[PDB]
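What follows is a single chain, given as structure tokens, in the form deposited in one PDB entry.
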């Protein structure tokens, strides 16, 4: 069964996610408006990414053990994982009905063309959509989804990590919780090789991160596009 510590860990991460992910998307009204006519969707989508980084941070601070890391390592982990957790957490709004992210209204429904109108190409978008479909298809429990985000953040192999032993230790506690959760609470047939498939998604996220990094470097290098970004996005993803 799940130990009391494992049950504790899950409860904390569920609550953390609930406190940082508003399924009504009410705060979207505060963003620069979407424009679908250049890079017309960049102001709206940069604000959405900026907002999302803040939420990912609020979630990360609540991960059991994350507080025991130094601020240096906290920074390295958040900076390397931010885009990956945003792509992960975005699965909640993603829908296979029409391959889009549906955040409540037609204004806040983003399709492949919207993403391309933020300065990114199919080199990123096609694998991103394929990621989202394969992730959807796993039909994760919310418990598994929040554990996966947390494991994504506390990855010891991120470049610049100083205390990799401690990061690996925190991650192992989460990974063991997820494996045990799948065994005890996820019924077959759904549970078939589920953990291995979740870890494969973390691998897919690394390739998405690399490609995002490449396209962002190129996008932000043009000072007219970097003007469209936010101070937080620049700090987290880079300022040329």
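Just so we're on the same page, rigid core means the largest C-alpha set that superposes within 1.5 Å between forms. Residues that one form lacks are left out of the comparison. Residue numbers count along the first chain shown, from 1.
Where coordinates are absent for parts of the deposited sequence, a chain break appears; between neighbours residue 196 and residue 197 there is no such break. Higher mean CA B-factor, judged across 65 to 73 and 43 to 51 from the recorded values: 65 to 73. Mean C-alpha B-factor is higher over 2 to 10 than over the other stretch, the pair under comparison being 2 to 10 and 229 to 237. Ranking 148, 166, 140, 133 by Cα temperature factor from the entry places 166 first.
Taking only the listed residues 57, 184, 178, 203, the entry reports the highest CA temperature factor at 184. Sorting the modelled residues of the chain by their CA temperature factor places residue 208 in the lowest third. In this PDB entry, the Cα temperature factor of residue 22 sits in the middle third of its chain's modelled residues. Compared with the other modelled residues of the chain, the Cα B-factor recorded for residue 109 ranks in the highest third. The PDB entry assigns residue 96 a C-alpha temperature factor belonging to the highest third of its chain's modelled residues. Residue 162 sits in the highest third of its chain by CA B factor, as recorded in the PDB entry.
This next part talks about the form deposited in another entry, which is not shown.
Among the candidates 179, 200, 209, 215, displacement between this form and the one not shown reaches 2 angstroms at the C-alpha for one position only, 215 (superposition on the rigid core). With the core held fixed, the Cα of residue 58 is displaced between this form and the one not shown by less than 2 Å. In that other deposited form, the separation between the C-alpha atoms of residue 15 and residue 186 grows by 3 Å or more relative to the displayed form. In that other deposited form, the Cα positions of residue 116 and residue 215 lie at least 3 Å farther from each other than in the form displayed. In sequence order, 185 to 192, 214 to 220 are the runs of at least 3 residues present in both forms whose Cα atoms shift by 2 Å or more between this form and the one not shown once the core is superposed.
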